[PDB]
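Have a look below at one chain only, the form deposited in one PDB entry, in structure tokens format.
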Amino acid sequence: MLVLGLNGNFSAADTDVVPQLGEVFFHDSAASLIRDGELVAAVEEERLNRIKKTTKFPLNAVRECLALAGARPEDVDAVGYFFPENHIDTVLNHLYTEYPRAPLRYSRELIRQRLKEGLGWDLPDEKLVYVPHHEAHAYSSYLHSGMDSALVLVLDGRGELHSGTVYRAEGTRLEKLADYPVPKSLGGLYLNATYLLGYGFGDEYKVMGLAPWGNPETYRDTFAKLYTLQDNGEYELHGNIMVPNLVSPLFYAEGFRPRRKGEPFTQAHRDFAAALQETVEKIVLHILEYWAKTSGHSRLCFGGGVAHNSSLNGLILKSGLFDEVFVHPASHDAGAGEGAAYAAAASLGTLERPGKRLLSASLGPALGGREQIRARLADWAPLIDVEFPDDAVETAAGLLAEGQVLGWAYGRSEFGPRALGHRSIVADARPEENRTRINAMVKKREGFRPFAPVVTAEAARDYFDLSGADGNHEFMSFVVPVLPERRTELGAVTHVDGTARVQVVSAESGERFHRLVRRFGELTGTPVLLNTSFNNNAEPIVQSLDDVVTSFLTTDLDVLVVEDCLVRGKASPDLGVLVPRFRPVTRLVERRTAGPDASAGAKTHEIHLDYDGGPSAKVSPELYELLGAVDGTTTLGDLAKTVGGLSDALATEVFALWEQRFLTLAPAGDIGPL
């Protein structure tokens, strides 16, 4: 019994079927593979096409999942898709009316076209099963919990009919108890509010991280006008007829000034985030207070995109409404993709389910075997030095104790947005300056942003207040108080309100990462590490060996630990040996606008990435000429001979484009199949 689950839209690698999708539910394209009830492979497409939260059809992810499972396309019994057919096709039809050039191709024909052209897989129509969106969410969240009965809450932006659904789960049967209509969306409310802080889709958890810096009293009475709590667990959101955003009109009327991009977060912005967070908490806890006592369940599974609000999950934990709470590592639409596979399986016979509670999210492609990793590190020799210690974990723990910031790359990549010890950046959690520097110099992000700790399961209750219900802390699902007597000790990982989005790692959840944290604890007295995701501000979490080395070289990390090899940057790295390649979305432009006296303005040159929200950067006339000759095989040194050799200016200009990931730079060849 082998079933594939899909989400996302249908565009190929270089083109978009339609420029703007105008919906929130096509993001985080992914593929999941279920065999005999167990989740054997799952990866988000963003890890493979390097476009954060991409909508593109998850073609590379399907291929990787099949390889990981040892399966061929013909072996797959069924494909589930995370939304019902008629809704998707109606949405496509509407987009085709506003893009009249696009051919009338609906989702069934598009899925099968992508699988046929991409994998040589002719999918029969009876094997493609479309699934109600919140049912797929609920299957994913509940079936991985280890629980045999539970209340299941789904909250996101929207499914086909509803923004929220409440289920009873028993054995493998779901029965709906409640739903909430689309204009009542709490995902929509939170995103509407996120736009007021100069952010967009995907930034909601940064807003969540900003909230503890704010006073929730300033805007409590304003947010009170946007929602009403009603009897029997009901609620209402008050719309307006002015704009497609619930929040901005009332806040404009009282003088709120939305943050411009690249500008600081004022106290008013912080206060705004704080009152937003409180508002969503009060509403969710209102829903759960009613449905806990009504349904009689002492256990909760919480899924949908809103279940990535770690603060909300911490409040749910502390509330006492449930004895046990479970959250899945990928609760946004990639998790609905996986749930679609279970629902498609349920429609073709009795449903096989997981035997145990999910403990590791390490489910994507690995980095490669020992021999191919060593050989590929040798190709990078002009840029790195490699040591091979006897006990890499023992050496890493000592480097951490000495104050070094480490890249850490092992095994199969994490499914869902959190790094958990397979694609991570770790450091000593004690000094507050580590938060300041790793924000400013390493991750290059805003100084308000918190950092999350990983602790050994044996020491967790020495440092963190887990009390209340039993929640699962293997995937950093819950924000949790740091014990007051440990907040000074844990200076880098204690947020301004005394909390921490904690990962509790065990020998069972992650044997190697647990050993690293335990050993660091023995050397220092403190078995806690800062754990942030291994990526710079221009990319999703690194996936391949070349991604890891590239990211190590374009971040300011002290040393990289990848599959027991210790990697450091050379004193002077030779960028000339790197082979430039366009990404499928890379574009090069020479542009003239109107100038004075209706002349043609002066030339400018620009590189950009062709997808909705893609960045762009100016390029010099000389680099523009160099980049025009990129053939995908010639090194950068040899390419630069034409423009008169690789100067320091060009190497430096090229390094900055590499760091923003406008093109791909890597030694000749590749690591080969894993």
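Residues carry their position along the shown sequence, with the first being 1.
Just so you know, the form deposited with a small molecule bound exists too; it's not on screen, but the next bit is about it.
Although the partner is absent here, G304 sits close enough that one of its heavy atoms falls within 4.5 Å of the small molecule in the deposited bound form.
In the deposited bound form, none of the heavy atoms of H328 sits within 4.5 Å of a heavy atom of the small molecule.
Taking non-hydrogen atoms only, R376 never approaches the small molecule to within 4.5 angstroms in the deposited bound form. The closest heavy atom approach of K52 to the small molecule in the deposited bound form falls outside 4.5 Å.
Here is the short version: of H144, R423, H308, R501, the single residue with a heavy atom within 4.5 Å of the small molecule in the deposited bound form is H308. Interface residue among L191, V549, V405, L383 relative to the small molecule in the deposited bound form, by the heavy atom within 4.5 Å criterion: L191.
In summary, the region of this chain contacting the small molecule in the deposited bound form, judged by heavy atoms within 4.5 Å and restricted to 555 to 563, 252 to 260, 199 to 207, 591 to 599, corresponds to 199 to 207.
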